[PDB]
Engineer: 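Sharing a structure below in structure tokens format, with a few things to ask.
Values below: all heavy atoms of this structure, side chains included; hydrogens, waters and symmetry mates excluded. All chains are named by letter (A, B, ...) in the order of the sequence lines, taking the proteins before the strands, and each is independently numbered beginning at 1.
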Amino acid sequence: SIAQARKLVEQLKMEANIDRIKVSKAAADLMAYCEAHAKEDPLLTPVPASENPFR
Amino acid sequence: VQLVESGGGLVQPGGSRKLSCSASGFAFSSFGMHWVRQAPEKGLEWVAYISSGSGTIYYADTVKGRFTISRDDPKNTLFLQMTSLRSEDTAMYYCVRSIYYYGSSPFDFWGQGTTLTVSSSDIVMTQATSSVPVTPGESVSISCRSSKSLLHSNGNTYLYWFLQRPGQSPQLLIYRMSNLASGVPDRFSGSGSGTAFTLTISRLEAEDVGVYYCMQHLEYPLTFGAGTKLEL
Amino acid sequence: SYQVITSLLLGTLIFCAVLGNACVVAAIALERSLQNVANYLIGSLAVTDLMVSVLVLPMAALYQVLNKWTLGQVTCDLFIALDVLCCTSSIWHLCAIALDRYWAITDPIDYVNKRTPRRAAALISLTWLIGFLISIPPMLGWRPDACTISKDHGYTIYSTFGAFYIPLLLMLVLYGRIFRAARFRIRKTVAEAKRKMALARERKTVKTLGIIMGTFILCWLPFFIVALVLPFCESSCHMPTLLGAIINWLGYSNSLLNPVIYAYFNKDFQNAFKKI
Amino acid sequence: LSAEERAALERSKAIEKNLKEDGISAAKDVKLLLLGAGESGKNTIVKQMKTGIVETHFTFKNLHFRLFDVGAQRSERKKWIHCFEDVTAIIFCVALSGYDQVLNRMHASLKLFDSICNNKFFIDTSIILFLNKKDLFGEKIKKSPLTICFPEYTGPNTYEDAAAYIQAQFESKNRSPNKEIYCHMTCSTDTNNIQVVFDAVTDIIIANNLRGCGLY
Amino acid sequence: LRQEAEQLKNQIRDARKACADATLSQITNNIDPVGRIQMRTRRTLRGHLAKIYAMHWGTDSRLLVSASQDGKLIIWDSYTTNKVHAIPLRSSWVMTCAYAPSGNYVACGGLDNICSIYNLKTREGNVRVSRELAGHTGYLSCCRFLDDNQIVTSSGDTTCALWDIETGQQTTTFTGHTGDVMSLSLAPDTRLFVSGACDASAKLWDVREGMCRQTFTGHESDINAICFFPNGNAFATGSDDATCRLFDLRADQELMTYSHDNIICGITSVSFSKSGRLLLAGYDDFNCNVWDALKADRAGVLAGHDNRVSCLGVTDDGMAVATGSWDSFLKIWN
Ligand SMILES: CC(C)CCC[C@@H](C)[C@H]1CC[C@H]2[C@@H]3CC=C4C[C@@H](O)CC[C@]4(C)[C@H]3CC[C@]12C
Ligand SMILES: CC(C)CCC[C@@H](C)[C@H]1CC[C@H]2[C@@H]3CC=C4C[C@@H](O)CC[C@]4(C)[C@H]3CC[C@]12C
Ligand SMILES: O=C1CC2(CCCC2)CC(=O)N1CCCCN1CCN(c2ncccn2)CC1
């Protein structure tokens with residue numbers, strides 16, 4: 001199938017045309033978000049029963 | 001969505017009549033239904049309540065035992081059988097649509113009403129302001145008082161704001177304090193805390209002229225304020 | 001001591017019965033895969049046998065151990081009524097389970113359509129109603145150191161036929177019909193491995209009906225043969241104490257063994273006990 | 001509770017009552033998963049009983065059947081096959097006159113039947129096997145032998161023996177003592193396949209009830 | 001052209017390997033592991049009489065919609081456990097349900113190949129079907145509202161679609177998956193969404209352009225569940241190979257693998273905590289397992305369902321977790 005092959009090849013071409021950061025920077029960003037929002041995560045730190053809407 | 005009441009007219013004192021309301025255009029069986037009356041010169045006075053499914057019925061303490069509320073869900077009709085019709089029972093009786101679930105807006109649609117003419121612990125809702133003078137484009141803050149904190153431990157404040165424009169039915173503005181009703185422009189606003197509440201009209205037009213009513217819905221002795229008339 | 005060993009055996013039997021039926025009830029309440037009409041009947045039989053094991057078996061054990069009725073007489077009649085009520089109710093739960101199974105097996109359309117937990121409640125109510133209908137006349141006008149059921153001939157017939165012999169006839173008829181229906185289903189089912197499986201199903205049906213009916217019979221039939229013969233053979237027949245007590249406790253052992261037949265042999269109950 | 005909270009609770013209770021009533025009504029349904037491969041007699045038996053999923057609702061002898069047709073789901077079957085884990089029976093359609101056709105048709109249906117039989121969600125689900133177009137099969141079996149499909153047949157080329165061999169090959173993949181395969185021969189002119197389904201469903205219910213009592 | 005495709009794939013994997021300097025596990029060995037997430041069933045939502053395939057939390061973190069095979073779409077007041085709405089579905093074969101962020105609409109769909117849009121706020125007090133979105137030739141496995149007028153759906157026809165609810169038409173079709181698509185997760189900015197499919201691949205789609213920006217292939221079995229990380233720069237998939245994976249959008253590579261040897265069943269649902277440090281996955285083994293997203297440690301277990309946990313959602317305020325399962329129950333956890 002010419003059409004399927006050309007579509008897949010072009011799709012892979014635009015796949016490769018993606019700027020990729022280092023995985024170290026991705027992990028650093030993941031930490032930055034996780035500890036930058038840990039104090040507002042009730043599942044990570046359970047809220048006091050007074051502020052817990054499911055008591 | 002319409003609610004058409006029938007019945008009414010002149011009735012001898014101590015007599016009996018049965019008001020009905022022929023609902024159409026909405027899921028009548030799923031709405032709780034009220035009667036709210038209004039003497040020809042006085043404010044709104046809640047009569048009775050029949051919940052959706054008829055499992056819960058409430059009456060005004062001044063009518064309990066005398067009046068009887070019933071609904072015909074297959075017929076989409078709400079009834080008010082009246083017995084021993086006193087002189088105090090002369091009023092325009094409004095059939096009020098009302099549904100109750102999380103986030104619902106009770107008292108959102110009101111019927112046109114019928115006039116019944118008779119010949120010869122409840123929370124006090126106070127709005128002393130009356131005949132407030134207004135001009136178009138100005139900001140007015142209608143005040144309201146409650147004898148008991150309308151705020152519940154769930155966080156809701158059960159105060160309602162209705163606009164009784166001249167010659168037509170009351171229309172919901174703010175259903176639970178600071179909640180704007182559908183179809184109401186966001187120049188009306190509700191605010192308050194505890195027992196004191198204010199209805200703010202940011203830039204009032206000539207249509208905003210009418211009588212503005214409080215209503216608590218916390219305990220279920222539904223009481224209205226003495227209407228705060230706004231006039232040009 | 002000869003009294004202490006008897007007390008120990010009877011107490012262990014009572015504890016095992018209480019534990020078995022309490023565990024059946026707990027399994028039904030704590031697992032909703034067991035909350036269906038058939039298991040409602042099974043757990044109501046467990047409830048009835050728990051009532052036996054906690055309100056009759058301790059008192060009957062004390063009566064056996066002390067060889068006398070150390071209590072009063074109104075309480076003697078009360079506990080005889082409890083005994084008759086609860087044992088009749090257990091036997092008629094066996095009958096209700098048989099009837100429910102018979103309807104499930106011979107009336108699948110009713111099983112899908114009309115069979116509801118309300119029918120299980122009705123069956124339980126009927127078993128308890130028969131229990132009262134058998135246990136009230138002795139307290140009414142159809143009646144120390146000896147607490148015995150009314151040996152009146154008419155009441156003897158009415159309480160042995162209505163509590164065992166009519167139930168035995170019903171269970172025999174219902175489970176024979178169930179046997180024929182199961183056999184017909186197996187022959188409808190019936191390369192030769194299918195024939196071997198039909199044979200295995202045949203023996204499984206035989207073994208299951210044997211366990212059910214044989215446990216019921218070998219537990220209660222000796223008691224009811226004695227309880228029907230002796231009131232008419234008062235002087236001509238003498239009951240040895242050892243044989244009489246063993247015969248009396250065979251039915252209580254039925255109250256012990258009903259959870260085994262109907263619950264602990266059930267695959268669903270076994271899985272629900274594994275989960276708990 | 002507030003007055004509004006009380007009325008919301010009342011509405012929730014009315015909703016729960018309606019849900020309970022609807023579930024009671026739905027528990028009386030005999031749910032049947034209809035399966036097959038294209039040119040089989042799936043549509044024929046649907047017409048005889050009488051978008052991505054087609055539901056056929058019919059009542060026969062006071063028993064209401066919900067027949068679920070998933071033919072138009074040209075997807076990964078395993079991703080939605082568990083949606084019918086609780087059917088009373090699978091109604092599987094095989095074209096008898098598909099041994100001499102290729103698109104091999106009978107091997108395709110045979111592999112599909114194997115996958116459905118031995119699927120983990122259908123280990124104890126009985127199957128009402130329909131062998132459709134038995135007249136077309138009889139017309140094609142006098143001319144073409146049952147050797148294109150089955151080389152190891154080594155049997156007579158008559159209609160009865162060839163159809164029985166096909167049915168045996170289809171039943172051979174059960175590999176389960178709990179579930180049964182109810183096989184029937186249909187010709188698209190017969191009007192008793194509703195009765196065949198009803199009889200098989202009653203046998204399934206009876207066998208399950210016996211299995212509960214320990215008598216099966 | 002197959003040779004060119006193979007060369008391009010080799011180039012893509014080499015570019016991913018080049019950027020794979022330090023693994024997420026290696027970098028996160030110096031952060032404090034969360035001790036034990038011992039959440040407890042605060043509420044049990046009873047009323048569904050069949051298997052629950054989908055739940056979705058409201059943005060108010062109090063209302064939630066659940067979809068069950070009983071033909072009912074139930075909206076719950078998760079605080080009071082009240083039933084707000086019981087929506088009866090025309091097709092009972094529902095496998096997805098979405099709650100509009102405005103709260104005015106819910107969507108559902110399944111084997112009918114339709115995304116049905118339900119108006120929760122009509123003048124009449126009933127919930128009715130505003131729009132039936134037809135055009136998928138396979139079952140709908142997920143749907144998510146972009147807003148009141150836009151919804152993105154995934155289908156077993158290997159495609160995702162973006163719909164204009166008012167016109168009912170596919171604004172965009174998202175082709176490129178070779179297997180059936182099980183799940184969608186919208187990005188927080190809703191400019192782009194990820195979809196996992198049965199080809200064991202997750203594809204990143206640009207909603208406006210309609211093109212597959214990135215493709216993520218780490219799983220060896222069907223991806224049943226996909227979820228964006230709270231910042232929208234990463235997402236987590238859950239597949240039938242008993243493993244969850246975290247993929248970075250910018251790194252275009254798998255970061256973390258969430259698997260335990262004693263877990264062999266597939267994964268039905270994934271969700272993140274509000275901070276994103278917890279990855280909550282629902283399994284076939286009847287229980288939800290809580291994962292330290294940064295460290296791939298089982299921080300907790302949400303045992304409490306008697307059948308396969310088919311769906312789960314974390315509230316937007318992060319307060320609670322709901323778990324729906326095949327045992328017909330929704331459990332709110334804290
Ligand atoms: C008081 C206690 C001892 C009563 C217990 C009675 C038990 C042990 C006896 C009574 C009836 C007997 C069963 C009668 C019928 C059969 C069917 C046969 O194919 C296998 C043996 C089997 C299953 C017997 C097993 C033992 C059995 C169940
Ligand atoms: C599992 C069951 C069937 C095992 C059998 C239990 C029953 C039948 C047996 C076990 C212990 C036995 C008891 C042991 C002690 C005595 C005291 C003796 O003075 C009279 C008999 C009597 C009262 C026996 C009655 C029968 C008995 C209760
Ligand atoms: O041990 C006791 C003591 C009691 C009083 C306390 C507990 C019992 C009194 C007593 O007699 N016996 C000896 C055994 C009686 C056995 N039970 C079996 C059930 N019965 C029955 N069931 C249906 C129909 C008719 N009778 C009555 C006899």
Engineer: Where do B:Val1 and E:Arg123 come nearest, in terms of heavy atoms and distance?
Structural biologist: CG2-CB, 3.6 Å
Engineer: Identify the heavy atoms of E:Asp60 and B:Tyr102 that sit nearest to each other, and give their distance.
Structural biologist: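 Looks like OD2-CE2, 3.4 Å.
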Engineer: Under the salt bridge (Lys or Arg N to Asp or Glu O under 4.0 Å) test, which residues partner E:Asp317, sequence neighbours left out?
Structural biologist: none
Engineer: Flag yes if more than 12 heavy atoms outside B:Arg165 fall under 6.0 Å of its CZ atom; otherwise flag no.
Structural biologist: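 Yes, because the 6.0 Å sphere around CZ of B:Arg165 holds more than 12 heavy atoms from other groups.
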Engineer: Name the region of E:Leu63, side chain, backbone, both or neither, that has any atom closer than 4.5 Å to a heavy atom of chain B.
Structural biologist: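 For E:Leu63, side-chain heavy atoms alone lie under 4.5 Å from chain B.
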Engineer: Taking atom OG1 of E:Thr80 and atom OH of B:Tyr101, what is their separation to the nearest 0.5 Å?
Structural biologist: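 If I round to the nearest 0.5 Å, the distance is 14.5 Å.
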Engineer: Please identify each residue that fulfils salt bridge (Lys or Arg N to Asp or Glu O under 4.0 Å) with E:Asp164, with sequence neighbours left out.
Structural biologist: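 E:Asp164 satisfies salt bridge (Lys or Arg N to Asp or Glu O under 4.0 Å) with no other residue.
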Engineer: How about CD on E:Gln38, more than 12 heavy atoms from neighbouring residues, nucleotides or ligands closer than 6.0 Å, or not?
Structural biologist: no
Engineer: What part of E:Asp77 is in contact with chain B, defined as an atom under 4.5 angstrom from a non-hydrogen atom: side chain, backbone, both or neither?
Structural biologist: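 Contact with chain B is through the side chain of E:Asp77 alone.
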Engineer: Look at atom NZ of B:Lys229 and say whether more than 12 heavy atoms of other residues, nucleotides or ligands are closer to it than 6.0 Å.
Structural biologist: no
Engineer: Identify the residues of residues 180-202 of chain B whose heavy atoms come closer than 4.5 Å to a heavy atom of chain E, ordered by number, or report 'none'.
Structural biologist: none
Engineer: Report, as yes or no, whether the 6.0 Å neighbourhood of atom CD on E:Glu132 holds more than 12 heavy atoms from other residues, nucleotides or ligands.
Structural biologist: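 It does: E:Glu132 CD has more than 12 such atoms within range.
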Engineer: Output the residues of residues 21-35 of chain B for which the shortest heavy-atom distance to chain E is under 4.5 Å, in residue-number order; output 'none' if no such residue exists.
Structural biologist: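 The stretch touches chain E at B:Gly25, B:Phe26, B:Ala27, B:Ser30, B:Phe31.
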Engineer: Which answer fits B:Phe109, side chain, backbone, both or neither, if we ask what part of it has an atom under 4.5 Å from a heavy atom of chain E?
Structural biologist: side chain
